[PDB]
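**Student:** Protein sequences appear in the order of chains S, E, H, X and L.
So the first sequence is numbered by UniProt numbering: it starts at 3 and just counts up by one.
So the second sequence is numbered by UniProt numbering: it starts at 2 and just counts up by one.
So the third sequence is numbered by UniProt numbering: it starts at 2 and just counts up by one.
So the fourth sequence is numbered by UniProt numbering: it starts at 2 and just counts up by one.
So the fifth sequence is numbered by UniProt numbering: it starts at 1 and just counts up by one.
Every residue, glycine too, gets a C-beta built ideally from N, C-alpha and C.
Encoded as structure tokens, here's the structure I'll be asking about.
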Amino acid sequence: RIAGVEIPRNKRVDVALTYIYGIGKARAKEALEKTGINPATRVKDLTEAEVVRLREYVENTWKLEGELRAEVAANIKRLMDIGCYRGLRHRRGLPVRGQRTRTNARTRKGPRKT
Amino acid sequence: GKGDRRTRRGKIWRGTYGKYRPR
Amino acid sequence: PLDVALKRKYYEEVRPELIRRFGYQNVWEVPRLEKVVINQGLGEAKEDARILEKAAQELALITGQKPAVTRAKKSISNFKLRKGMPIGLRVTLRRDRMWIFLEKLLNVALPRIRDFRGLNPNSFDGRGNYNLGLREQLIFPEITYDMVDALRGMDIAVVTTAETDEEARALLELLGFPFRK
Amino acid sequence: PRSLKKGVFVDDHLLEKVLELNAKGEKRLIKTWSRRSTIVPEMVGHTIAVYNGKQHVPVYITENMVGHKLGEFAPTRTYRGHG
Amino acid sequence: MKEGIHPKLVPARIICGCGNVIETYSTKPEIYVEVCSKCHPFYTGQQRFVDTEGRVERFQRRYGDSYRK
RNA sequence: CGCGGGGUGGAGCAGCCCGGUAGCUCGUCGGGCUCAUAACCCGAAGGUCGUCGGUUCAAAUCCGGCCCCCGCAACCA
RNA sequence: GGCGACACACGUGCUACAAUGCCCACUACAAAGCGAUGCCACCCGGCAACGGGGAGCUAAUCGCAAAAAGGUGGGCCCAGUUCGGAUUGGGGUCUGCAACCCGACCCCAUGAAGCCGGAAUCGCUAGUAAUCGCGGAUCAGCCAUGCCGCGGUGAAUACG
RNA sequence: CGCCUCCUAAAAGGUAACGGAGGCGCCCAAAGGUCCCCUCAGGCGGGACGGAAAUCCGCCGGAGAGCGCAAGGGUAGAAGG
Ligand SMILES: [Zn+2]
């Protein structure tokens, strides 16, 4: 379908774009503007030429699925290499943005371990 | 929810202004 | 038999290009595609969904040729598979279906690959025989996402008349296999 | 981060000592207390022992660490786990 | 070929996002494809398709040189 | 050493006969209740089934060896 | 530099697990307070934070400042979702000499657990509870979901 | 305590010991007959899950595999699939 994935036919295009990794609510409301496409249209109601236009536009305006993930890991991996505190935090699986490690680090630490 | 910045709800609860809650 | 553009590319340019590149004394000295083997070592249907013939149907769609079933050559404790148990499908595409399937592969299958930076330039037998693998089966245009239910990858063993991997990768390169390196 | 409209902050004594070795050839590992300071592209190839609060941690400044603060690389804390 | 088991092949029209038609043989006469060889990144000079930076780091230190020396 | 039996989580025992998956009580951890402790309640964890080889696709679970422990005999004088 | 660590454990709170809902655009309706190196109107730029202009305001008169929920209209259709916003990558604004540890805020993307919570346990008898928002202290800035207050709407139940 | 395998057992066979090792007290309606077809184990390299070891490919292999079960004999120019 689209760059790496598919949007459900039964959903509007706005939510449709969002299922792409690297596409949130913001750009979703944007590609419709830059492609002049009705947001209210379901994916089951989308025309080929509009889609390929959509496909052509968005899939080069940004990198979304694989090309986007690599930069993240590239950024993250290089931090481990540079030994930065940020990278230092990642190598411990700890909250890298200065959060409080003493309590409430579950989202970064997952299951609690007595 | 209230704690979501991107919602105008959040910037109300958070008490801020931005792309999603102008003045 | 039937006409296939890619094979036509083999005769038209690939043959003379290889001959120039190597000066083969005889045209039988130049590489060729013996066959193209397709494997799916499922390892899942052997226990449950033992009629996953639907997967064989997918192979038939991609190949126009129903694959034969491969069973366990012996039982295993770890691999929960008693001997004589279907564990993987297999089809052997040859001349016409060979060039056809390969043509759909390069023209569509590879460019549909997620983050396809190219083929391994190293996945060679050593005898001039290339192998590779897939993690899903919805790459091929015959297969649609609607018809797909589970991602069965596969393996492809393209065998070549050539003796070295040199002339092999030379050939498929002339065939335009996009090598990631 | 620091307002790029505002200048990119680096301590005067730090940068001058940097350019000095840039003037007088790469040498002379530099003690420093300016963890708040930002690495500058000129700093690449230099080695500096940044102070952690107790010691000066010698950090070799490469290009790969230019756009950062110096305190990032002298970890001011010691954690080895539990048990 | 065992006459009755193999799904019969036909001429098959490939249609890319380029609208690229590619005549082949398949079990579907008319077929569309989001991608072809004439559009794939790795075939289109790699094209960068979003980002031509190519490991932008490190610098890329623009907004720099504001130091007083 | 001659015979029979056994040697499973921290403890005591189960699963062995029928090899495809080891369970119970206690105990431990955490929490709850209490002014606190015990009791109690909730939750949680956790077992080369002596040891070594073979049999097996697979052995606690089969086989054989060794070790330990146990019971029985070690006799006619 | 540390007080911000972090295998863990407990308390107190906030946000949710959604349709009596979420989101969006418009229209309301407060109180109580603060403000001269502060409120800053209004203009412009900028997605925005914010920045540049810049009036008034020394205070019932200027501003902070929109109250919010509510009403209106639309979308969403039960979805780990247009719920959820945690984490993280990047790009920025602002204060501050200096935001790495160790600020806040704006923007994109990422979109975690979570489907009402065991044992158990808490507050509340009326404008109370619940929910909605506003102000102030400290303070350059803020780690404030806290605290102290203000108002909006507004319950059930007490046999004993 | 009966029968099978090997050594004992002295190049015929047979050959004892409370000698040294293991087995059997069945099983297969196909594990039987016949025709036709194929050839293993193993090693290396390549191969999504997937591994040491699934299935696939190529390459090297006389049999070291397998041949229902003990051992031996026999065996792919099949008794093996
Ligand atoms: Zn194309």
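Which residues of the stretch 63-84 of chain X have a Cβ closer than 9 angstroms to any Cβ of chain L? Give them in chain order.
**Tutor:** Listed in sequence order: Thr63, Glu64, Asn65, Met66, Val67, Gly68.
**Student:** Within the same chain, show all residues whose beta-carbon is closer than 7 angstroms to that of S:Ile39, passing over the 5 residues directly before and after it, in chain order.
**Tutor:** Residue 39 of chain S sits at position 37 when you count from the first residue of the first sequence. Result list for S:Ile39: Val15, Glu52, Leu56, in chain order.
**Student:** CB-CB under 6 angstroms to X:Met66, same chain, minus the five flanking residues each way: which ones, in chain order?
**Tutor:** The count along the fourth sequence starts at 1 and reaches residue 66 of chain X at position 65. Within the same chain, X:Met66 has close Cβ partners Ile40.
**Student:** Please state whether DSSP places S:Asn40 in a helix, a strand or coil.
**Tutor:** The residue given as residue 40 of chain S occupies position 38 in the first sequence. If DSSP states are grouped into helix, strand and coil, S:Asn40 belongs with coil.
**Student:** Can you round the beta-carbon distance between S:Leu66 and S:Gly6 to whole angstroms, since I take them to be within the 8 angstroms contact cut?
**Tutor:** The sequence position of residue 66 of chain S within the first sequence is 64, counting from 1. The sequence position of residue 6 of chain S within the first sequence is 4, counting from 1. Going by Cβ atoms, the distance from S:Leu66 to S:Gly6 rounds to 7 angstroms, so yes, they are a contact pair.
**Student:** State the CB to CB distance for the pair H:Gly65 and H:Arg98, rounded to an integer number of angstroms; the pair is presumed to be in contact (CB under 8 angstroms).
**Tutor:** Here the question's residue 65 of chain H lines up with position 64 in the third sequence. Here the question's residue 98 of chain H lines up with position 97 in the third sequence. The pair is a contact, with the Cβ atoms about 6 angstroms apart (cut-off 8 angstroms).
**Student:** Quick one: is the Cβ of L:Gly17 within less than 7 angstroms of any heavy atom of ligand 1?
**Tutor:** Against the fifth sequence, residue 17 of chain L aligns to sequence position 17. L:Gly17 Cβ: within cutoff of ligand 1.
**Student:** Can you find the residues in the same chain that come closer than 7 angstroms, C-beta to C-beta, to H:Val37, ignoring five residues on each side of it along the sequence?
**Tutor:** Taking the first residue of the third sequence as 1, we reach residue 37 of chain H at position 36. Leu94, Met99, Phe102, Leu103, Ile157, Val159.
**Student:** 8 angstroms is my cut-off, CB to CB: does L:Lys28 come that close to chain X?
**Tutor:** Here residue 28 of chain L refers to the residue found at position 28 of the fifth sequence. Chain X contact via Cβ: absent.
**Student:** Using a Cβ-Cβ cutoff of less than 8 angstroms, which residues in the same chain neighbour H:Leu53 once the five nearest sequence positions on both sides are dropped?
**Tutor:** Taking the third sequence and counting its residues from 1, the one referred to as residue 53 of chain H is at position 52. So the list reads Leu43, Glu45, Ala46, once near-sequence residues are dropped.
**Student:** Name the DSSP bridge partner or partners of H:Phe180?
**Tutor:** The residue labelled residue 180 of chain H in the question sits at position 179 within the third sequence. H:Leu120, per the DSSP bridge assignment.
**Student:** If you pair each beta-carbon of the stretch 73-89 of chain H with each one of the stretch 102-120 of chain H, do three or more pairs fall below 8 angstroms?
**Tutor:** As far as the Cβ criterion goes, the stretch 73-89 of chain H does not touch the stretch 102-120 of chain H, which means the pair count is below three.
**Student:** Going by C-alpha distance, which of X:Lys70, X:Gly68, X:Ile49 is nearest X:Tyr61?
**Tutor:** In the fourth sequence, counting from the first residue as 1, residue 61 of chain X sits at position 60. Selected option, being the one with the closest Cα: X:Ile49.
**Student:** Beta-carbon within less than 6 angstroms of X:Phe74's beta-carbon, same chain only, minus the 5 sequence neighbours each way: which residues are those?
**Tutor:** Residue 74 of chain X sits at position 73 when you count from the first residue of the fourth sequence. Contacts found: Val60.
**Student:** Using the rule of at least 16 other Cβ atoms within 10 Å of the residue's Cβ for burial, across every protein chain shown, is H:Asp166 buried or exposed?
**Tutor:** Taking the third sequence and counting its residues from 1, one reaches residue 166 of chain H at position 165. By the neighbour-count rule (16 or more Cβ atoms within 10 Å), H:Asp166 is buried.
**Student:** What first and last residue would you give for the beta strand (DSSP E) that runs through H:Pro17?
**Tutor:** What you label residue 17 of chain H is simply residue 16 of the third sequence in a count that begins at 1. Taken as a continuous stretch (DSSP letters only), H:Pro17 belongs to no beta strand (DSSP E), being part of the alpha helix (DSSP H) at 16-23.
**Student:** Does any residue of chain H bring its CB to less than 8 angstroms from the CB of S:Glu8?
**Tutor:** Along the first sequence, read from residue 1 onward, the residue named residue 8 of chain S stands at position 6. By this cut-off, S:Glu8 is an interface position.
**Student:** Looking at L:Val35 and ligand 1, is the gap between the Cβ and the nearest heavy atom below 7 angstroms?
**Tutor:** The residue labelled residue 35 of chain L in the question sits at position 35 within the fifth sequence. Yes, the Cβ of L:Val35 comes within 7 angstroms of a heavy atom of ligand 1.
**Student:** Take the Cβ of X:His83 as the centre, count every other Cβ of all protein chains shown within 10 Å, and call the residue buried at 16 or more, exposed below.
**Tutor:** Stepping through the fourth sequence from its first residue, residue 83 of chain X is reached at position 82. By the neighbour-count rule (16 or more Cβ atoms within 10 Å), X:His83 is not buried but exposed.
**Student:** Considering only the alpha carbon of each residue, which of L:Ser66, L:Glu57, L:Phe42 lies closest to X:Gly68?
**Tutor:** The residue given as residue 68 of chain X occupies position 67 in the fourth sequence. Here the closest residue by C-alpha is L:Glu57.
**Student:** Measure the C-alpha to C-alpha separation of X:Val51 and S:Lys36 and round it to an integer number of angstroms.
**Tutor:** One-based indexing of the fourth sequence puts residue 51 of chain X at position 50. One-based indexing of the first sequence puts residue 36 of chain S at position 34. Answer to the nearest angstrom: the Cα atoms are 50 angstroms apart.
**Student:** For H:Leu90, does the count of other Cβ atoms within 10 angstroms reach 16, so buried, or fall short, so exposed?
**Tutor:** Here the question's residue 90 of chain H lines up with position 89 in the third sequence. By the 10 Å Cβ count, H:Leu90 comes out buried.
**Student:** Could you work out which residues of chain S lie near L:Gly17, taking near to mean beta carbons separated by less than 8 angstroms?
**Tutor:** As a position in the fifth sequence, residue 17 of chain L is number 17, starting the count at 1. Residues of chain S passing the Cβ test: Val54, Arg57, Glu58.
**Student:** Report back the beta-carbon spacing between S:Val45 and S:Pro10 to the nearest angstrom; my notes put them in contact at under 8 angstroms.
**Tutor:** In the first sequence, residue 45 of chain S corresponds to position 43, counting from 1. In the first sequence, residue 10 of chain S corresponds to position 8, counting from 1. 6 angstroms between Cβ atoms; contact.
**Student:** Can you say whether H:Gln138 is buried or exposed, counting buried as having 16 or more other CB atoms within 10 angstroms of its CB?
**Tutor:** Your numbering for residue 138 of chain H matches position 137 in the third sequence. Classification for H:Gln138: buried.
**Student:** Considering only DSSP beta bridges, list what X:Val60 is partnered with.
**Tutor:** Counted from its first residue, the fourth sequence places residue 60 of chain X at position 59. BP columns for X:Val60 point to X:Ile49.
**Student:** Taking all protein chains shown into account, do 16 or more other C-beta atoms lie within 10 angstroms of the C-beta of H:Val28, making it buried, or fewer, making it exposed?
**Tutor:** For the purposes of this step, residue 28 of chain H is taken as residue 27 along the third sequence, with counting starting at 1. With fewer than 16 Cβ atoms within 10 Å of its Cβ, H:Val28 is classed as exposed.
**Student:** Which residues in the same chain have their Cβ closer than 6 angstroms to the Cβ of X:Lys70, if we skip the five residues on either side of it in sequence?
**Tutor:** Indexing the fourth sequence from 1 puts residue 70 of chain X at position 69. These residues qualify, in order along the chain: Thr39.
**Student:** Which class does H:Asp156 belong to by DSSP, given the choice of helix, strand or coil?
**Tutor:** Here residue 156 of chain H corresponds to residue number 155 of the third sequence, with the count starting at 1. Three-state DSSP puts H:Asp156 in a strand.
**Student:** What residues are listed by DSSP as bridge partners for L:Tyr25?
**Tutor:** Along the fifth sequence, one-based indexing puts residue 25 of chain L at 25. DSSP output for L:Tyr25 lists L:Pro11 as bridge partner(s).
**Student:** Given 7 angstroms as the limit, tell me if H:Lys105 has its C-beta closer than that to any heavy atom belonging to ligand 1.
**Tutor:** Counted from its first residue, the third sequence places residue 105 of chain H at position 104. H:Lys105: no, Cβ never under 7 angstroms from ligand 1.
**Student:** May I have a chain-ordered list of the alpha helix (DSSP H) segments no shorter than 4 residues that lie completely inside the stretch 66-129 of chain H?
**Tutor:** For the stretch 66-129 of chain H, whole alpha helix (DSSP H) runs of length 4 or above, ordered along the chain, are 96-105.
**Student:** Does the distance between the C-beta of L:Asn20 and the nearest non-hydrogen atom of ligand 1 fall short of 7 angstroms?
**Tutor:** Against the fifth sequence, residue 20 of chain L aligns to sequence position 20. Indeed, a heavy atom of ligand 1 lies less than 7 angstroms from the Cβ.
**Student:** Do we get a CB-CB distance below 8 angstroms when we pair L:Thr24 with the residues of chain H?
**Tutor:** Translated into positions along the fifth sequence, residue 24 of chain L becomes position 24. Yes, because at least one Cβ of chain H sits closer than 8 angstroms to the Cβ of L:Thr24.
**Student:** Report whether the distance from the Cβ of S:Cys86 to the nearest heavy atom of ligand 1 is below 7 angstroms.
**Tutor:** Taking the first sequence and counting its residues from 1, one reaches residue 86 of chain S at position 84. No, ligand 1 has no heavy atom inside 7 angstroms of this Cβ.
**Student:** When you measure from the CB of residue 1 of chain X to every non-hydrogen atom of ligand 1, does any distance come out below 7 angstroms?
**Tutor:** The shown model of chain X, from 2 to 84, leaves out residue 1 of chain X, and the question about it has no answer.
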